[PDB]
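# this one's structure only:
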Ligand SMILES: CC(C)CCC[C@@H](C)[C@H]1CC[C@H]2[C@@H]3CC=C4C[C@@H](O)CC[C@]4(C)[C@H]3CC[C@]12C
Ligand SMILES: *[C@@H]1O[C@H](CO)[C@@H](O)[C@H](O)[C@H]1NC(C)=O
Ligand SMILES: *[C@@H]1O[C@H](CO)[C@@H](O)[C@H](O)[C@H]1NC(C)=O
Ligand code: NA
Ligand code: NA
């Protein structure tokens, strides 16, 4: 059919200086630089095409932009008429070539204006075959799976091996994980083995808490050591295409990533709540001076249900991501805001709850130990001053000893153990002070013999009321055994590592914002530095502003695996040597 008067524009034709347009030979011989606003010359138009050929990277955009660019920069001109590109040719780029409007914006002549791009025009570029599909620039890899595509750059996905770190750093972090993972694995297994060998004696609170603590660090170690199996790391971290496993469970991928995630994360969070059960056990152990065997229902409910709820909540929002350096799948690697709510929030909480029971625990210990020490001090002041009154050859010696006794009795009256028991204790000293005041009156009158005799009566007021409560105060504090204080030592030892773990995830969370910015800028640099560069000069490589600290990661792994080793030393006693020697004697 004859061409529409509107699907063309009046422009003087000039012969084509280039027989080829972006790698494809042209079916016509004349062109016009009227459609390209940025160009006035054919040489200028060609140079702009070299700038636009920088979109070779991001194939989904390159596939549709190629016919549009030839239709604008090198269009067909015949008998003082240039053929305009159709609207459908222009509109087809808007979607995949979203990278253009995000960075430099679409030029005025390349915006789909009803005038600049009329509807249903015979494009002519439809007859030209653009064989070039496109390739992905480092650190992106070519993929046709849409679930793996990196933001606006369609057709490209981030490579499986962490681009922010070298192979030297990869092997170094793997050797670090191999060393800490295996020793924790052997330490926890040995500890679990002693517990099951003497199961009926071992299965008793609070000793049984550390078994379940070691159980968590053992299961967790299995997940961390999984990657060291022949080609397992790539089965857990890499996608089918060759990209990083991000946004899992997804659909068409293997469960190998989510399986390792559940193994690591569930065991991690179960280990932190079992630590809180330990801090609570040590808190309530001083309140026995209420058995823990009854509260087993509350412990096993919270320690196994709460990590399950969090594991399920992550798999629902699908935030399971894989990392090649760590060699495991975890929550919030890509979306760090999810790592704050599922890693920093529960670790922040266990520090508050666990910390409270550890602080209130020593507060109960040091308060009860001081109250006894102060009572013993006042009790000894009374006994020492009684001897002074017995030996006193004058009333000034009797008066001075009694005033010191009055101050000691009133001070010891204020003392409270950690009420009808308090009523008789306070009244016991009320009688004594009242008797001291009567003895002081005799000393003030000068009656030494009468004040000395009145002082002998204080001895029985002390034995009848005071002595009965002093023996009780001593017995309650004697009830504090070594296993009780050892539990607290382990509690603070575990608290330390949890405080370090928190600080590491807090550092990663605080600086991820810039690490992602430094990455996007690095990726965009790889496509910018390739364009607008002299033909003779080799392409200079781009750099990353900032990346995660491998030292902070190593400190986090030391804190995580450190707890697993430190909690395994609960069975490094005399009694556990007996269990292995008696089983060895049974075998041979
Ligand atoms: C991740 C990668 C693929 C995205 C980066 C694509 C780069 C190469 C794109 C994005 C915006 C583009 C520019 C948008 C506008 C113009 C104006 C025109 O007069 C000459 C070309 C030029 C300057 C384009 C050249 C290529 C460009 C810089
Ligand atoms: C390269 O050019 C684009 C133009 O849109 C710009 O947005 C981008 O930031 C540039 N890259 C660098 C690293 O400056
Ligand atoms: C390039 O074109 C030829 C035909 O000219 C075709 O056989 C080949 O497959 C094309 N290349 C690609 C990668 O499509
Ligand atoms: Na022009
Ligand atoms: Na899956």
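Looks like it came in fine. Residues are numbered from 1 along each chain as shown. Ligands and ions are numbered 1, 2, ... in the order given.
# the closest residue to ligand 1 within the chain: what's it in contact with?
Closest approach between the chain and ligand 1, counting by C-beta to the nearest ligand atom: residue 54, at 3.1 Å. Bear in mind the C-beta positions are built from the backbone N, C-alpha and C, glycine included. Applying C-beta atoms under 8 Å, 6 or more residues apart in numbering to residue 54 gives the contacts 527-528, 530-531.
# ditto for residue 436
402, 405-406, 409, 458.
# try residue 289
Residue 289 neighbours (C-beta under 8 Å, 6+ apart): 368, 418, 476-477, 479-480.
# if we use 6 Å, what do you get?
Listed by C-beta atoms under 6 Å, 6 or more residues apart in numbering, the contact set of residue 289 reads 476, 479.
# which of the contacts of residue 436 are buried?
402, 405-406, 409, 458 (16 or more other C-beta atoms under 10 Å).
# for ligand 5, state which of the contacts of residue 54 is nearest.
For the contacts of residue 54, the residue nearest ligand 5 by C-beta to the ion is residue 527; the value is 31.8 Å.
# ok, that closest one touching residue 57?
Yes. In this structure, residue 527 is within contact of residue 57 by C-beta atoms under 6 Å, at 4.8 Å.
# identify the contacts common to these two.
Common neighbours of residue 527 and residue 57 (C-beta under 6 Å, 6+ apart) are residue 137.
# report the contact partners of residue 427.
Taking C-beta under 6 Å, 6+ apart as the definition, residue 427 has no contacts.
# run the last query once more with 8 Å
Residue 427 neighbours (C-beta under 8 Å, 6+ apart): residue 465.
# what does residue 180 give?
557-558, 561.
# that one and residue 556: what is the separation?
Relative to residue 556, residue 180 is positioned 11 Å away (C-beta to C-beta, to the nearest Å).
# could you do residue 430 as well?
60 Å.
# so for those two, which residue has more residues nearby?
Each of residue 430 and residue 556 has its neighbours counted (other C-beta atoms under 10 Å); residue 556 has more, 20 against 14.
# interface residues of the stretch 151-300 of the chain facing ligand 5?
Neighbours of ligand 5 within the stretch 151-300 of the chain, by C-beta under 5 Å from the ion: 249, 253.
# let's see that with 6 Å instead.
248-250, 253, 255, 258 (C-beta under 6 Å from the ion).
# in strands, which of those residues appear?
In strands, judged by DSSP state E, none of these are found.
# list only buried entries from those.
Using 16+ other C-beta under 10 Å, the buried ones in those are 248, 250, 253, 258.
# wait, which of these is closest to residue 223?
residue 258 (11.7 Å; C-beta to C-beta).
# is that closest one in contact with residue 251, as I believe?
No. Between residue 258 and residue 251 there is no contact under C-beta atoms under 8 Å: 12.0 Å.
# how's this protein carved up into domains?
1-135, 165-367+481-588, 368-480 (curated CATH domains).
# for whichever strand or helix holds residue 50, what is the distance to the chain centroid?
Using DSSP states H and E, residue 50 sits in helix 42-52. Between the centre of helix 42-52 and the centre of its chain there are 50 Å (C-alpha atoms, centre = their mean, to the nearest Å).
# up against ligand 1, what does this structure have?
By C-beta under 6 Å from any ligand atom, the residues of the chain that approach ligand 1 are 38, 48, 51-52, 54-55, 57-58, 99-100, 103-104, 107, 153, 524, 527, 531.
# can you select the buried ones from the residues you listed in ChimeraX?
Buried residues within the residues of the chain next to ligand 1, by 16+ other C-beta under 10 Å, are selected in ChimeraX with:
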select :38,48,52,54,55,57,58,99,100,153,524,527
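# quick one, what contacts the residue in the chain that ligand 5 sits nearest to?
Residue nearest to ligand 5 within the chain (C-beta to the ion): residue 249, separated by 4.2 Å. Contacts here follow C-beta under 8 Å, 6+ apart; on that basis residue 249 touches 255, 258, 315, 318, 320.
# biggest separation within the residues you listed, which pair?
Among the contacts of residue 249, 255 and 318 lie farthest apart (C-beta to C-beta), at 13.3 Å.
# could you report the neighbour count for residue 301?
For residue 301, using other C-beta under 10 Å, the count is 10.
# ranges for the strands of the chain?
8-10, 14-15, 20-21, 24-25, 30-31, 81-83, 140-142, 156-158, 320-322, 329-331.
# ok, back up a step: of the buried ones among the residues of the stretch 151-300 of the chain next to ligand 5, which is the nearest to residue 6?
Nearest member of those to residue 6, counting by C-beta to C-beta, is residue 250, at 47.8 Å.
# just give me the neighbour total for the residue in the stretch 151-300 of the chain positioned nearest to ligand 2.
Ligand 2 sits closest to residue 152 of the stretch 151-300 of the chain, with a gap of 11.8 Å, by C-beta to the nearest ligand atom. Neighbours of residue 152 under the rule other C-beta under 10 Å: 15.
# do residue 413 as well
The burial count for residue 413: 17, using other C-beta under 10 Å.
# do you know how far the closest residue to it other than its chain neighbours is from residue 148?
Leaving out its chain neighbours, the residue that sits closest to residue 413 by C-beta to C-beta, 6 or more residues apart in numbering is residue 429, at 3.9 Å. Distance from residue 429 to residue 148, counting by C-beta to C-beta: 80 Å.
# number of nearby residues for residue 294?
Neighbour tally, residue 294, other C-beta under 10 Å: 9.
# now do residue 131
Residue 131, neighbours per other C-beta under 10 Å, totals 7.
# contacts for stretch 266-280, please.
Against stretch 266-280 from outside (C-beta under 8 Å, 6+ apart): 206, 209-210, 212-213, 216-217, 219-220, 223, 299, 302-304, 306-308, 310-311, 346-347, 350, 353-358, 361, 487, 490-491, 494-495, 498, 560, 563.
# which of those fall within helices?
In this view, these that belong to helices under DSSP state H are 209-210, 212-213, 216-217, 219-220, 223, 299, 302-304, 306-308, 310-311, 346-347, 350, 353-358, 361, 487, 490-491, 494-495, 498, 560, 563.
# many thanks, we can stop here.
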